Amino acid sequence: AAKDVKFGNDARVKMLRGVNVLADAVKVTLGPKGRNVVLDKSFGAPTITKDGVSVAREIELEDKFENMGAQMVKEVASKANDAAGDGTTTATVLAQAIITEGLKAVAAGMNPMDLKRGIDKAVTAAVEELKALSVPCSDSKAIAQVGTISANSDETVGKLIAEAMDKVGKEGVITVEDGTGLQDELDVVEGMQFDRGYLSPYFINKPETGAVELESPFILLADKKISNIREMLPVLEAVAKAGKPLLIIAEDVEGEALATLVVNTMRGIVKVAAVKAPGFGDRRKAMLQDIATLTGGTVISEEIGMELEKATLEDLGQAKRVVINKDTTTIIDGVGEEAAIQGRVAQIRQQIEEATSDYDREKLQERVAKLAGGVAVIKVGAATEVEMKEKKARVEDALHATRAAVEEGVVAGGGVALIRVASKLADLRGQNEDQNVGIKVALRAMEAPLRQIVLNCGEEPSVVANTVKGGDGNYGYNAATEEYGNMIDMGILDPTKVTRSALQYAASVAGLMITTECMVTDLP
Amino acid sequence: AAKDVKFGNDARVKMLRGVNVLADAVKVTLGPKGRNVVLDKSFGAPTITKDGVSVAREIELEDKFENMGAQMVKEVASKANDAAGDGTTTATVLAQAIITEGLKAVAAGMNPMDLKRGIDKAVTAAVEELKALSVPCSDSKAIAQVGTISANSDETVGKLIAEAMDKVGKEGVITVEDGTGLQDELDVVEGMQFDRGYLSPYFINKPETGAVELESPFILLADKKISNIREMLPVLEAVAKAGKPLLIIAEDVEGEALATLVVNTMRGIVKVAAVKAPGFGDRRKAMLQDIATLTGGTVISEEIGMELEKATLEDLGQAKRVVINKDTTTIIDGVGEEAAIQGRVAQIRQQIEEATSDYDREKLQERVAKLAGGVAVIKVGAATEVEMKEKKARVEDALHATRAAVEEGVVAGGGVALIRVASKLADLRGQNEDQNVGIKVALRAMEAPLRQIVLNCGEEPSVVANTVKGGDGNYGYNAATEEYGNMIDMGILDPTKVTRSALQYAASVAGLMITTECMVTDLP
Amino acid sequence: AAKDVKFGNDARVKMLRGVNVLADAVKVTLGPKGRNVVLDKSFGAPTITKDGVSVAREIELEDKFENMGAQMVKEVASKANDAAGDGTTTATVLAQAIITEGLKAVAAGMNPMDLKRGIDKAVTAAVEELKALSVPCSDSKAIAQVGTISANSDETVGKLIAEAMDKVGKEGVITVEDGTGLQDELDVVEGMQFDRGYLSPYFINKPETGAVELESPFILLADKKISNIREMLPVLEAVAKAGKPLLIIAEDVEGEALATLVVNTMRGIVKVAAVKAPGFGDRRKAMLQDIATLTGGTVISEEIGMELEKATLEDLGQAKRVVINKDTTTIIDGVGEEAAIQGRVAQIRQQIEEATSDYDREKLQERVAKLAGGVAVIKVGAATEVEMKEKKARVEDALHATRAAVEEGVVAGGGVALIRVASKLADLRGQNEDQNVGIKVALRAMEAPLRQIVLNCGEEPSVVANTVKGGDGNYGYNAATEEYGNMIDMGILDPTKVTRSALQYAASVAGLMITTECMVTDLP
Amino acid sequence: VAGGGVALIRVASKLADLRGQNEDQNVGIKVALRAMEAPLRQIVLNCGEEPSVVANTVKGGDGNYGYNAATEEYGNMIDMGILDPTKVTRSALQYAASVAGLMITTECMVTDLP
Ligand SMILES: NCc1ccc(S(=O)(=O)Nc2ccc(-c3nc4cc(NS(=O)(=O)c5ccc(Cl)s5)ccc4o3)cc2)cc1
Ligand SMILES: NCc1ccc(S(=O)(=O)Nc2ccc(-c3nc4cc(NS(=O)(=O)c5ccc(Cl)s5)ccc4o3)cc2)cc1
């Protein structure tokens, strides 16, 4: 296929056009008073959304160079959201600002590598300042407070989140499932969660939020790397006859008779999901055996001669539900026997006591934690159905916010933290002049979120930015109530993880954007 | 007429294109290894020149806005040559470089006024450094050395210049005229010079150097403003029947009936020039009476009732030769009586000794100096006419260079003083960031002369610039012979006045042209 | 007017196209087998010629920049013909070849100044080789042989030339004029010649060779510069009533009221030409007084108070005929008295014998030689008028060739001396690589004349060039009869002056043309 | 051998006196020598500095003295740890020469029309 190649200024201006289109699409949905974006679905009536990621998903330009310029920003900005729970729009706005300023500097003719180094230095210093400004949130009162604030000031959601955290532990696994009535329920069911996302994104279930759920699935434990379909056929027929979902944790499902075929051909015949075996080597085998004990299944290992051709439905495991997202995978509640699971935990604890190096100690401690800890499940309930679904949505939003807060603390939101750290990092200087200009670019681009929020509200960005910068500490501006004060007290806060991740990822996007020299793409 | 108006960056880019065209045309002649420029002439064979002044004069562009830029740069750059005798090309190159960098910065979104202030501050500091670095040239031996250096190591020219300066004084009047044989001549004759240029540029005589010469002219002195042609017609007829040239020294010539008629109607029938009387008020009358005494004429004044129509040839003054240029008029050798001039000088000295204020003493003393100083005229001799004219041109160039040197000392030539003062000001700072950007712009375009000179030589400008900046003092790179060392020792030197004037005028052009926002012109 | 400016390779290619057009037009007439060139004339039938001078004169191109290239080549090439009497086509061919190769080398990325220096060094070495290779022509027999060779082996022309040079001296003045019958005549008459050409090219008389002739003219001698037409009006009326031509010898004629009027207004009513007086200073006055003594006129001088308006026909001088060309004016036969001329010559010889310096002795001796040498005039006789004019043209061409030969000897013709000196310099080296490339460019274009001559004959230029280079000394190739041998014996020879002048002028054109960077011209 | 293109610049500097039979061979030698400076010039340009000054400074040195593009410092490249096997440089030089020789002496080019 013939390629189209561009160098120098043309490549950078095409990239800038793409990033500008994407940012102008997503920046208008930022802030408590964001505008609306009319997303179009060819089926019927259009979709009105104030959500940033929903808008960013559809954006795909015509021109190939601009399309790539938008795609890189969208990709490396989605990491902030899927690693912190929010910040896609903030990361995109920061990336747009840094990219446009750096590209103008490069067009002015200054060493791009020095600019990238200066931007990285400024971002590192800003991250340190954000760590300095964080307000710790570990007590149950603070946990409940953040839970309420995230879920539109609903005390019941905060109470439920606090109860779940004190039951399963601050580092434990919490999942919110459906409910049966007005009352909400909480229970610690036995389960585990390992960080292996879906193989193919087309495995996505009905939820469009990058999630897959399988009610009463089948767990197949193939420790070896599976590539052929013929020895799958007995298990496929058994699972089809049973009708329950089928989840295959395995060493790796390759681009062979599996994966590719399972995506399209099994798209709507038997519901399935694909995840890799957690760990590697002996760790992978141990994970396989623990999952077999948990889900009541048997490990089909070729090392002792057992062959996936003969895999009875009894060898298959099953649980109440399994949730597979982009990176993690949780088993809610398997059908394993509590006595057998307890015995396995006991023997692994013995292995802990007779461990040799600290590495073995910590890995086996993780084993016993995942085994014995279990999974706490919140059963959100309400009066009507729609009330139920809306409250459930509020619940997982609050859960993600609370997890981020208890991880890295909480800082004033609404873009005030970035403006504060940018104001305090005024004396930062680099070796050469280009590094200094890069520091200036990063510092000025840290003001984009607050300015865009104020502009979305319809006020004058400059006056509000000056007033907020003139203050100190957590003093900022409430875009909702158009008043000034300590953003923490008045209920406008943000987890430190979200802001730090957004800033760092935007810096990475800008660094990769500025130092580019050539783009190769297929011609129209 | 309907106008065409442009705002913002459109005017900036048109301006930049015009200045780029003019500077690209001019700067290729810079340095001892300057290239050739072919200028079209409709009379036949083209003219091949290495003179930047002619190339700048011939430049005129089609597009009106680019023509604005070129004309403004040309007009303000020619002032450096007029004031110092050299430095048009250097001023043009400096202006182009500062202007390009400033326009790029302005397009990058910086306050133009702060940029202009920073450029002005940097230029002022560089001027102070240049004044600190200059080597004085006061003794006769240094004067002769500078004359020889400016005259391509011709010891005879330096000896002649030194003798003339010793005879007439360092601030006296020295004129170069045609000799009558092989041996050179030097003598002092009665005359005076006042800083009043020609009224109309269309008065230019045979020489292309911007000067006029009248051989044995008649001098008319009228303290009254003259605007209609009726009152001096008998004087014009008398001077026409005489056949000798006529010079107008009036209070002012208004373009109602004189300037138009004298310029257009008179285009070969006679040879007439008009200049304004020096000074104003009673000082103007004193100057006119002194001129009349020196030239043997009489003052036509309305106060005494003397009327122009009755002025005869007796009232007209006579001189051997008069030279008028852009901003200076000199009388070489009048026909006045020695006794009358001496008596008037004694009377003015008596007025000096009975003066009562410093201002009166200063003006009367400079009047006496002008009257009694005389004019030292140099006659150039050679074997044949062609070498005669070449030596005359060399002598006048060396005289201008020596006058500048004795006025303000000498520095290292070849655009090395500018790079020295640029190196010495690496730590300059301004009020804010924009002033710092302006200072950096200023101390990055002062290397343009040396880089252009090296580029004309075919070498690598960056290597030579780094090597020169590595050294200290007058150490530089001799472009003529491709070697390093002390310029003052090799005989490469420029007067401090020419470098300072070029830098200041280029800074003025850049300041006026960066802060330009709107441009108005006639339609194409 | 709005100008059009081109930089870099654009000017180079436009200039190359113009030079290529002119050289392709001219070079096809080179050699004894030159082709024909048809020049259109609006009066009727076209003109078919084999003369390169006419073709070069008629060439003018549409595009302005190509016109620059052609005009500069034509200008600097015609100087060779003016100085030596022949060699315009050879200079044009050499210039075209050197310029083509040099522009190719420059486009290959080489320092143009180094290329120019190498070309100049190679040309200097070749000039030394040519001076070493020349065969002297001093004795009368050699003079006659060269005259016959230049006059198509006409022994009568050679005998006449030898007799003329014997009678008047090798450095005397010889003129060819019309005879009165069949037998040729030769006599010595009083006259003088000074190197002052016509002031305006529009003074050209009937002949197309660039000269003017006045039959029994009147000579006006005015040491004063003339710029207006009033004061010699009575002289003009007197000369118009007389009806004989009038010749102007003044210090300088300015284009204010004479040159414009004398050229445009005078276009057939009278016949007048104007030339500058020889010398400058007191030497100019001596020249004028000698001319007045020789022609019987009187000097109109302002120093003695003599004024032009009172100059009668008695003051005017008279001669039999005067010839003026581009850079020489000669008086053939004045009407001055023999006794007065002899007395003045004796007085000047007395001044010589009482002279005190070498310069004075030299100038006075050349004055005496000019005054007392006389002019030897040759009258051409033939059976009919047409053969008469053809023989006169042959005689003047042979006279020019013989003068060049006796000035600087003779070498082998047919462009073989150039190939000899090119072969002898195969081991020339420069300072750096670019200078060596310059040498190679120079010593590859000196074969262009011989290759073009052979190509015009229809043979193979490479074979003949190799065969000639294989020989040594004066051995060469005869294009007329297609044979080899010592061409000095075979009757093909050229004066060393014409070859040296063509080489040097072509080198000058190439040097000015390689180092050209910017070009300015009016819009189309 | 010293890496970072310093070995090629060093051998090109050493081979200044190389000469051929005719003039075209000499020009080919000059072309090859000038081309062996491309790696260092391109590396310096990628770093953002001025290629000419660094190239002149490295060529003026001797032995393994070169330019460390990572730390923007001069000295012995072997000691700082900027190394390159002789095979990697020799094979690249020879193969580039082969491509240039095959592509210079080409005269005709036949391909299917668009
Ligand atoms: N060492 C290479 C080199 C080359 C040339 C020169 S030069 O002095 O000849 N010319 C020159 C040209 C442009 C600049 C420049 N500074 C910029 C800054 C920003 N950041 S920004 O947040 O909008 C912003 C910052 C401050 C504001 Cl006010 S707005 C964006 C674009 C900029 O362009 C600077 C200098 C100097 C140095
Ligand atoms: N025997 C055939 C023949 C034909 C014509 C003539 S000719 O003397 O009439 N004209 C003529 C024209 C071009 C060249 C020439 N030398 C070159 C060299 C380089 N190498 S390069 O590393 O860039 C480089 C080397 C030095 C630099 Cl400085 S840059 C690249 C292009 C070059 O073009 C030479 C001569 C002479 C000989």
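Residues numbered from 1 in each chain as written, not as in the entry; some residues may be left out. Chains lettered and ligands numbered in written order. Part of a larger assembly, values for the part shown. Heavy atoms only, no water.

- In the PDB header, cryo-EM is given as the technique by which the entry was determined, and 3.26 Å as its resolution.

**Focus: the overall build of chain A**
Then, number 1: Assigned secondary structure in chain A consists of 18 helices and 19 strands.
Then, number 2: Taking 524 residues into account, the globule formula puts the C-alpha radius of gyration at 24 Å, and chain A, at 25 Å, falls close to it.
Then, number 3: Along the first, second and third principal axes, the C-alpha atoms of chain A reach 70 × 60 × 60 Å.
Then, number 4: Evaluated residue by residue, chain A yields a buried proportion of 51% over its 524 residues. (Helix = DSSP H or I, 4+ residues; strand = E, 2+ residues; numbered from the N terminus. Rg over C-alpha atoms; globule rule 2.2 N^0.38 Å. Buried < 20%, exposed > 50% of the residue type's maximum accessible area, 1.4 Å probe, protein only.)

**Description of the nonpolar core**
Then, number 1: By size, the foremost hydrophobic cluster in this structure holds 74 residues, and its most contacted members are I99 and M446 of chain B.
Then, number 2: The greatest single-element share of this core, amounting to nine residues, is contributed by helix α4 (residues 88-107) of chain B.
Then, number 3: Discounting residues that sit within four places of it in the chain, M446 of chain B has contacts with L94, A126, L418, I419, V421, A422 and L503 of chain B.
Then, number 4: Counting 72 residues, the second largest nonpolar core, distinct from the first, contains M15, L30, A125 and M513 of chain C. (Core = buried A, V, L, I, M, F, W, Y, C linked by side-chain atoms within 4.5 Å. Contact = heavy atoms within 4.5 Å.)

**A word on the UniProt feature "binding site: ADP" (unreviewed entry) in chain A**
Residue and element names in this part refer to chain A.
Then, number 1: UniProt's entry tags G31, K50, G87, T88, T89, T90, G414, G415, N478, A479, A480 and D494 with the feature "binding site: ADP" (unreviewed entry), counted in the numbering of this structure.
Then, number 2: With respect to the element layout, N478 can be found in strand β16 (residues 475-478).
Then, number 3: With residues up to four places along the chain from it excluded, the contact list for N478 reads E483, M487, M490 and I492.
Then, number 4: Only 3.0 Å separates the side chain of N478 from the backbone nitrogen of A480, close enough to count as a polar contact.
Then, number 5: Topologically, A480 is positioned in the loop between β16 and β17 (483-486). (UniProt positions renumbered as here; feature names shortened; annotations may be inferred. Polar contact = N/O pair within 3.5 Å; in protein donor to acceptor, adjacent residues only side chain to side chain.)

**Examining the pattern of salt bridges**
Then, number 1: By the definition in use, this model includes 94 salt bridges over all chains.
Then, number 2: The residue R500 of chain C makes a salt bridge to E408 of chain C at a minimum N-O spacing of 2.9 Å. Linking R500 of chain C in helix α19 (residues 496-514) with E408 of chain C in helix α13 (residues 385-408), this pair joins segments that are 92 residues apart in sequence. Here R500 of chain C matches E408 of chain C in class, with each residue buried.
Then, number 3: In the salt-bridge network here, residues are joined through shared partners; they are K14, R17, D63 and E66 of chain A. (Salt bridge = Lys/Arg side-chain N within 4 Å of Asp/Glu carboxyl O.)

**As for the packing of helix α4 (residues 88-107) of chain C against helix α5 (residues 112-133) of chain C**
Residue and element names in this part refer to chain C.
Then, number 1: Interhelical geometry of α4 versus α5 gives an angle of 145° and a closest axis separation of 10 Å. In the packing of α4 onto α5, the handedness of the crossing is right-handed. Of α5, the residues touching α4 (which contributes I98, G102, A105 and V106) are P112, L115 and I119.
Then, number 2: Along the lines of polarity and charge, the residues of the contact of α4 with α5 split into six nonpolar, one polar and no charged. (Axes fitted to C-alpha atoms, helices over the stretch in contact; angles between N-to-C directions. Left-handed = near helix turned anticlockwise from the far one by under 90°. Nonpolar A, V, L, I, M, F, W, Y, C, P; charged D, E, K, R; others polar.)

**Thoughts on the site of ligand 1**
Then, number 1: Lining the immediate surroundings of ligand 1 are 18 residues, of which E101, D434 and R444 of chain A together with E101 and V441 of chain B lie closest.
Then, number 2: Nearby residues place ligand 1 at the junction of chains A and B.
Then, number 3: Interatomic distance of 3.1 Å between a side-chain N/O atom of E101 of chain A and an oxygen atom of ligand 1.
Then, number 4: Those elements giving two or more residues to the shell around ligand 1 turn out to be α4 (88-107) and α15 (433-445) of chain A together with α15 (433-445) of chain B.
Then, number 5: A per-class count over the shell around ligand 1 returns eight nonpolar, two polar and eight charged. (Near = heavy atom within 4 Å.)

**Digging into the site of ligand 2**
Then, number 1: Residues in close proximity to ligand 2 include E101, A108, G109, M110, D434, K440, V441 and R444 of chain C together with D24, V27, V31 and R34 of chain D, which together make up its full environment.
Then, number 2: At ligand 2, the nearby residues belong to more than one chain, namely chains C and D.
Then, number 3: The side chain of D24 of chain D places a nitrogen or oxygen atom 3.1 Å from a nitrogen atom of ligand 2.
Then, number 4: Relative to its free-state accessible area of 770 Å², ligand 2 is covered by the protein chains to the extent of 67%.
Then, number 5: Looking at the shell around ligand 2, the elements that each hand over two or more residues are α15 (433-445) of chain C together with α2 (23-35) of chain D.
Then, number 6: Of the residues that constitute the shell around ligand 2, the class distribution is five nonpolar, one polar and six charged. (Areas by Shrake-Rupley, 256 points an atom, 1.4 Å probe, with all protein chains shown as cover.)

**Quick notes on the interface of chain B and chain C**
Then, number 1: The partner chain C presents 36 residues to the 35 residues of chain B that form the contact.
Then, number 2: For the chain B and chain C pair, buried surface summed over both sides reaches about 3000 Å², with 58% attributable to carbon and sulfur atoms.
Then, number 3: The partner of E517 of chain C in a salt bridge is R35 of chain B, with the nearest N and O atoms 3.4 Å apart.
Then, number 4: Connecting chain B to chain C are 11 residue pairs in polar contact.
Then, number 5: Looking at the side of chain B that touches chain C, the elements with two or more residues in it are α1 (9-27), β2 (36-39), α8 (233-242) and α16 (448-457) of chain B.
Then, number 6: Per-element accounting of the side of chain B that touches chain C gives the leading share, four residues, to β2 of chain B.
Then, number 7: Summarising the sheet, β2 of chain B and strand β19 (residues 516-522) of chain C pair through four bridges and their orientation is parallel. Within β19 of chain C, the position partnered with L39 of chain B by the bridge is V520 of chain C. (Buried area = accessible area lost by both parts, 1.4 Å probe. Pairing = 2+ DSSP bridges.)

**A few points about unusual backbone geometry**
Then, number 1: The phi dihedral of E482 of chain B is positive, around 60°, even though this residue is not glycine.
Then, number 2: Counting through the fold element by element, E482 of chain B comes out in the loop between β16 (475-478) and β17 (483-486).
Then, number 3: For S153 of chain C, which is not a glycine, the phi torsion comes out positive at approximately 55°.
Then, number 4: The partly exposed category is assigned to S153 of chain C, whose relative accessible area is 49%.

**Some words on the arrangement of the chains**
Then, number 1: The pair of protein chains exhibiting the most contacts, out of four pairs of chains in contact, is chains B and C.
Then, number 2: At no point do chain A and chain C touch; the closest pair of C-alpha atoms across them sits 24 Å apart.

**Topic: the sheet that holds strand β12 (residues 321-325) of chain A**
Residues and elements named next belong to chain A.
Then, number 1: Taken in spatial order, the four strands of this open sheet run β6-β13-β12-β7, and their pairing is antiparallel. Two strands bound the open sheet, and with one partner strand each, they are β6 (192-194) and β7 (211-215). Shown here is a sheet whose adjacent strand axes are inclined to one another by a mean of 10°, direction ignored.
Then, number 2: In the sheet, β6 pairs with strand β13 (residues 329-331) via three bridges, with the strands oriented antiparallel. Paired with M192 across the strands is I331, a residue of β13.

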